[PDB]
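Enquirer: Sharing a structure, written as structure tokens. Questions coming.
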Amino acid sequence: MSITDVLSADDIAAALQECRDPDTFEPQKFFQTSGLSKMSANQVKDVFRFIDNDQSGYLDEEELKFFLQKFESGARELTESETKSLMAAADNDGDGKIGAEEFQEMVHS
Ligand SMILES: [Ca+2]
Ligand SMILES: [Ca+2]
């Protein structure tokens, strides 16, 4: 009850199909196709608040294991490869613990 009736529902319906295939889930591609890169920083930050359920102040990999599970039930998150493709670009450090800032950067692109 946040993103699912803003816009993103349509974008994820696209994302779902455009990255249907196993090991295809490009990060920048996803951020565009998901509308996140169209959303303003404000909205992008809000959605991140809904992402980090744990509120721990980092989007750690094993939390990222349920990133899009909050939007769809049967999202890609289970596939570590696709998850790690997201992680890989999101993590503008080379550490793997992704801050909201890091995500805002990658999405803002
Ligand atoms: Ca967290
Ligand atoms: Ca990082």
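The deposited model was determined using solution NMR.
Using N, Cα and C of the backbone, Cβ positions are placed for all residues, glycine too.
Swiss-Prot lists these features:
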MOD_RES   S2  N-acetylserine
DOMAIN    39-74  domain 'EF-hand 1'
BINDING   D52, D54, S56, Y58, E63  Ca(2+) 1 binding site
DOMAIN    78-109  domain 'EF-hand 2'
BINDING   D91, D93, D95, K97, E102  Ca(2+) 2 binding site
Enquirer: Across all the protein chains here, work out how many other Cβ atoms are within 10 Å of the Cβ of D95 (Ca(2+) 2 binding site).
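Expert: For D95 (Ca(2+) 2 binding site), the 10 Å Cβ neighbour count is 10.
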Enquirer: I'd like to verify something. Among the binding-site residues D52, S56, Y58, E63, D93, which ones have a C-beta closer than 6 angstroms to some atom of ligand 1?
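Expert: The binding-site residues passing the 6 Å Cβ test are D52, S56, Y58, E63.
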Enquirer: State the Cα to Cα distance, in Å, between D91 (Ca(2+) 2 binding site) and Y58 (Ca(2+) 1 binding site), rounded to an integer.
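Expert: Distance (Cα to Cα, whole Å): 11 Å.
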Enquirer: Mind tallying the domain 'EF-hand 1' (39-74) by DSSP state, helix then strand then coil?
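Expert: Tallied per class, the domain 'EF-hand 1' (39-74) gives 18 helix, 0 strand, 18 coil.
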Enquirer: If you check the recorded positions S2, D91, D93, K97, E102 one by one, which have a CB less than 6 Å away from any atom of ligand 2?
Expert: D91, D93, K97, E102
